[PDB]
Amino acid sequence: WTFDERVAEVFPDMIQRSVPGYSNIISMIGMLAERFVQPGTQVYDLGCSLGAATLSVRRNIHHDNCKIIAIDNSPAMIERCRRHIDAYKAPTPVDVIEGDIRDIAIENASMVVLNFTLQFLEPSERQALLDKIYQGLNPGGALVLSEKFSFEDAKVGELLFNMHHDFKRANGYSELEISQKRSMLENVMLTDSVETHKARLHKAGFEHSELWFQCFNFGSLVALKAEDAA
Amino acid sequence: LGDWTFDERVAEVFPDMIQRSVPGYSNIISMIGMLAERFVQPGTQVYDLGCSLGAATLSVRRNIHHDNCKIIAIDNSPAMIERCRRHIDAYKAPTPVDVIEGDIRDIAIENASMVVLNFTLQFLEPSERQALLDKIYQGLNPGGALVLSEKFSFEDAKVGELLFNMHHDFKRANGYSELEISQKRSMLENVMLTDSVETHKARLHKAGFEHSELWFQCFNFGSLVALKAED
Ligand SMILES: Nc1ncnc2c1ncn2[C@@H]1O[C@H](C[S@+](CC[C@H]([NH3+])C(=O)[O-])CC(=O)[O-])[C@@H](O)[C@H]1O
Ligand SMILES: Nc1ncnc2c1ncn2[C@@H]1O[C@H](C[S@+](CC[C@H]([NH3+])C(=O)[O-])CC(=O)[O-])[C@@H](O)[C@H]1O
C-alpha cells in the first residue's frame, strides 16, 4: 500500500464507502472546534490526507490569528491537499507540510486531530506521539482520536466485521478499482481496542477522555487537557 | 415523568422531534435493519418494545426476506399505538406486525430472534430495568440479539458537560427550538433517569448475555448490541 496519486484521486469516495460514520465525525470535529479553538493559537491535523478535518475545523474558527498546521508524509496527498485547501476562502491560514507526525513539534495548540492516522504508526510509536500531543496542547485544549477499533470479545469482533462488510456492500465499495488493495491494507493494519486507546490517553496525561462516537468497528475519542494543567 | 404525556400532539411531531433531538437516531435505525438481515431467523418473532410510531419495526420489516416471521410492536400510549397501526398499514411487506397496546413490563417474550429497545428502557423506573432485560434474555432463542439504545449519563463530570454542550449545539444546528414541543421535551429529558454505558453492560451481563458491546455512539446517545449464545 502506498498513498499515491491514485489513492489521492479517489480518497474522498474511498473513505465514504469504507468508514462508517466518517462524515458524522468530520461534523463533530467542526462542532468541537467552535468551542475549543482559542484566539491566537494553532490547530494540528495529523495525517491530514486531503485536509477534510482541517477544513471542518477552519469553517468553525471565528477568532483572529489562528493557524492550522496540516501534515502528511505522502507527497501525493500533500500536493492535492494544498490545492484543495486553496480552493476555499477563510481568514485562518493553513500551513500544509510534507513530513512525519513522529517528528513534528506540537506548539501553542488549542486542538489536535488524529482522524484515522494513529493506526498507521507502529504500535510501539503511538504512546510517544500522544505524550507529545498532550504536552503541546495548551491548558483547556482537546485531542480528537478517531480509529478503526479491534475488539477483545471475538464474537463481537466478528459481528462488527460482518456489519462493516455489509456496509461496504450497501455503498458499492467494490465499484472502486482501489477496493481490493484498500481491503489488503486494512487486513494488515494493527488496530487497538477502545480500552487500549483510553489507557494510552491516560498515560499521556489527559485528565478527561471518552469515546464520543462509534459506528460498528470505527469510532472516535475526545481527550481534554485540564484548564489548570501544568 | 413530570407533566409529559405521549398524546396525539406528540405523536404528530414525533419523527421530527426525535430527528432534531437524538443525534445518530437515523444511523441507529439503519443499523437495526442491517442487524435484522443477519439475525432474524425464519419462523421467529421480533419485538419492538416501546415502538412509538413503528420506526424500528419498519426498519426490521424491510430487512426480513423470510416468509414466516412476525413482528410484535408494543407501546402503552394510546396515541402512539393508534398512529402506529395506521402508519404500518401504509407499507406492504410479507411479514405481519401485531401492534399491541400494552405495557412492556407485562408482555411475554417468546420465540424471539431479535428484540429492540430503541430509546425505551430509560422510560421505566430504574428498579424495573433488570427484570425486563432478564425476561428478554430468557425469551430470546439461542443466537438471538437485543439492541438497546439510550441516552447515557457519564461519571466524569467534565465529559458530561462537554457532551451536554455538544447536544445543545446539535439541537441548535437542527432547529430544535422551532418545535412547539421543544420546551416540554427538554423538561422530560431533564427528569429522566439515565444510566452509564458501564451500568447498561452490567445489567446485560447480569441478565445472562454472553456478549455485549456498544456498537453506536454520538455524543451522549448510543446503542448496545447484546448476543445470546448459540445452541
Ligand atoms: N507517520 C506519518 N506521518 C504523516 N502522515 C502519515 C503518517 N503515516 C500515515 N500518514 C498519513 O495518514 C493518512 C491516513 S488517512 C487520514 C484521513 C484524514 N485525517 C481525514 O480526516 O480525511 C485515513 C486512512 O487512509 O484510513 C494518510 O494520508 C497517510 O499518508
Ligand atoms: N412501560 C411502557 N410500555 C410500553 N411502552 C412504553 C412504556 N413506557 C414508555 N413507553 C413508550 O416508549 C416510547 C419511547 S420513544 C421509542 C422510540 C421508538 N422505539 C423509535 O425507535 O422510534 C423514545 C422517546 O420518546 O424518547 C414511547 O412511545 C412511549 O409511549
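At a glance:
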item	result
Ranking of A:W1, B:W215, B:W4 by count of other Cβ atoms within 10 Å, fewest first	A:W1, B:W4, B:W215
Peptide A:152-159, shielding by other chains (average Cβ, 10 Å cutoff)	4
Average beta-carbon neighbours from other chains, 10 Å sphere, peptide A:213-223	4
Label-to-label distance, nm, for residues given as B:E37 and A:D153 (7 Å Cα→Cβ offset)	2.3
Beta bridges per DSSP with both ends in chain B, % antiparallel, nearest 5	40
Additional length obtainable on full extension of the chain from B:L193 to B:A93, 0.36 nm per residue less Cα span	32.3 nm
DSSP H segments from chain A that extend 27 Å or more along their own axis, Cα-based, with Kyte-Doolittle mean of 1.6 or above	none
Nearest-0.05 FRET efficiency for B:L1 and A:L185, computed from C-beta distance (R0 60 Å)	0.75
DSSP bridge pairs, the protein assembly as shown: antiparallel proportion in percent, nearest 5	45
Residue of B:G50, B:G175, B:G139 that the Gaussian network model of chain B assigns the largest fluctuation, springs spanning Cα pairs under 10 Å	B:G175
Nearest-20 debye value, the protein assembly as shown charge dipole, Cβ charges on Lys, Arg, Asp, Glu	620
Pairwise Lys count, chain B - Cα closer than 29 Å, eight or more residues apart or different chains	22
Distance from the range A:1-44 to the range B:136-166 (C-alpha centre basis), Å	27
Percentage, to the nearest whole number, of Cα pairs in chain B over 22 Å apart	51
GNM result for chain B, Cα springs below 10 Å: residue of B:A108, B:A93, B:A36 fluctuating most strongly	B:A108
q = 0.11, 0.15 Å⁻¹, the range A:1-90: log10 I(q)/I(0) [Debye, one scatterer per Cα]	-0.32, -0.58
Values of log10 I(q)/I(0), in the order q = 0.09, 0.11, 0.12, 0.13 Å⁻¹, for the protein assembly as shown under a Debye, Cα-only, solvent-free model	-0.62, -0.92, -1.07, -1.22
Pairwise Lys count, the range A:138-201 - Cα closer than 21 Å, eight or more residues apart or different chains	5
Proximal charge balance of A:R80 [Cβ under 13 Å; K/R count +1, D/E count -1]	-4
Calculated from backbone phi, Karplus (6.51, -1.76, 1.60) coupling profile of the range A:107-124 in Hz, x at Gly/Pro	10, 6, 9, 8, 7, 9, 10, 10, 9, 6, 10, 4, 3, 8, 7, 5, x, 5
Listed residue (A:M163, A:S49, A:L32) projecting farthest to the positive dipole end of the protein assembly as shown, Cβ model	A:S49
Contact order relative to length of chain A, as percent, for alpha carbon pairs under 8 angstrom and 6 or more apart	22
Chain B: most fluctuating residue of B:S26, B:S127, B:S182 per GNM, C-alpha cutoff 10 Å	B:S127
Value of [θ]222 nm, deg cm²/dmol, for chain A, DSSP H segments ≥ 4, -39500 (n - 2.57) each, nearest 500	-13000 deg cm²/dmol
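Just so you know, all these numbers are worked out from the coordinates, no wet-lab data involved. Using ideal geometry, Cβ is built from the backbone for each residue, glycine included, and neighbour counts are taken over all protein chains shown.
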